[PDB]
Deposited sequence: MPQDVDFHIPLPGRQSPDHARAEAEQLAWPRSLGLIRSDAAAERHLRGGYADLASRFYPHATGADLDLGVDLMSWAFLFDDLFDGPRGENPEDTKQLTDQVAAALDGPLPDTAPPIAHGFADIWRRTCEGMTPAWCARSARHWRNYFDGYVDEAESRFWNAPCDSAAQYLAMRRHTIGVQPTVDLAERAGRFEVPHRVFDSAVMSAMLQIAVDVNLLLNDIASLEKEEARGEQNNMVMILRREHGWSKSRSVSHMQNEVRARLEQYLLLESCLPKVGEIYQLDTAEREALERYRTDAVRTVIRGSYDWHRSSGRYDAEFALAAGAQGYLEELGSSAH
């Protein structure tokens, strides 16, 4: 339990989105057995999308559903030996990230064709400058998986919280998730305001809160697997604390960050005057605050407590 002073929201079209969530990944070759389908439904991935994107319905919401489907199918391809070899991790991430640049060869693994279909749908109808900034966010995410594989290979665990966050902030995938809230909402935050120091601090709070929530929710699955790059394990190594002290420390950190997040929300009216936002930009920035940044913070908190997540080698083979 944590202090998330934000209203819980869920798309009114969530029942349909959960009922139809399997048709897209099955048609892409991402779910190939019936047991794989049930394993997927147990993740609650359409549920998570409907809470990340409460403002989306219909096809817009289905794009968010497919993003969560692909994202967790993708992340599963690295829990095994591939996530241990940075050469093989890079080999796969480069075939996925290639879709950001052009058409994939038909020999690409299905996980890459899945990403290509999502990225094609994310960009259509957005400004080219928005597509380029989002493609950069994806490349940061893929490169982060190669850094995590480098840490496991050379058996160099993250010795500090600082060194962990510099790596986990990219692999958590929050920024590509927030980017899709703009696409699913059919709006764009003023690009000069996205780059502002105030917005970056708010975005960084949303990332930190998410990875802290995830490191606590999946501590058992990572303790039973000897993983050393988890915030509760790193705090015990960095500060010599117990498990009960590090966990309560992480509650205080998500506590302090969400109060600082409120402080920054109150600065946005002044931030808009600084960048001379017209009324339309003022509204798009308001939508970004409530339908993209707030939703990625609150939506993750509700879903980490309800997700069942707390044989796929075919998807990464040419």
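Deposited-sequence segments unaccounted for in the coordinates: Those parts of the chain that were deposited but carry no coordinates are 1-5, 316-327, 336-337.
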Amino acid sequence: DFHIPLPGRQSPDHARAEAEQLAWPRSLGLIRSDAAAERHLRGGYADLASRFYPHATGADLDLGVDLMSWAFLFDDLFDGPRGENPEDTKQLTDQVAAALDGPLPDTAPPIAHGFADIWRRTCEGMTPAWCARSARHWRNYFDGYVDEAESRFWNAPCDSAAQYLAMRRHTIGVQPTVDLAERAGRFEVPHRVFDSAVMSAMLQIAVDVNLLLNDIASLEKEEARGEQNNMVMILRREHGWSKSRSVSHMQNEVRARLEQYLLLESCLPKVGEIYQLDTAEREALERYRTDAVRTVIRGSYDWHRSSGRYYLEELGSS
From here on, numbers count along this sequence of modelled residues.
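As stated in the PDB record, which stretch has the larger average Cα B-factor, 132-140 or 222-230? Between 222-230 and 132-140, it is 222-230 that shows the higher mean C-alpha B-factor.
Regarding 283-291 and 249-257, which shows the higher C-alpha temperature factor on average in the entry? Comparing 283-291 with 249-257, the higher average CA B-factor belongs to 249-257.
For the listed residues 203, 77, 92, 165, which one has the largest C-alpha B-factor as given in the deposited model? Answer for 203, 77, 92, 165: 165, with the highest C-alpha B-factor.
Name the third of the chain's ranked CA B-factors that contains residue 308, choosing lowest, middle or highest. Highest third of the chain for residue 308's C-alpha B-factor.
State the tercile, meaning the lowest, middle or highest third, of residue 99 with respect to the CA B-factors recorded for its chain. According to the entry, residue 99 has a C-alpha B-factor in the chain's middle third.
Where does the C-alpha B-factor of residue 40 rank in its chain, lowest, middle or highest third? Bottom third by C-alpha B-factor.
Would you check the entry's CA temperature factor for residue 239 and let me know if it's in the chain's lowest, middle or highest third? Highest third of the chain for residue 239's C-alpha B-factor.
Ranked against its chain, the third holding the CA B-factor of residue 147: Answer is middle: the recorded C-alpha B-factor places it there.
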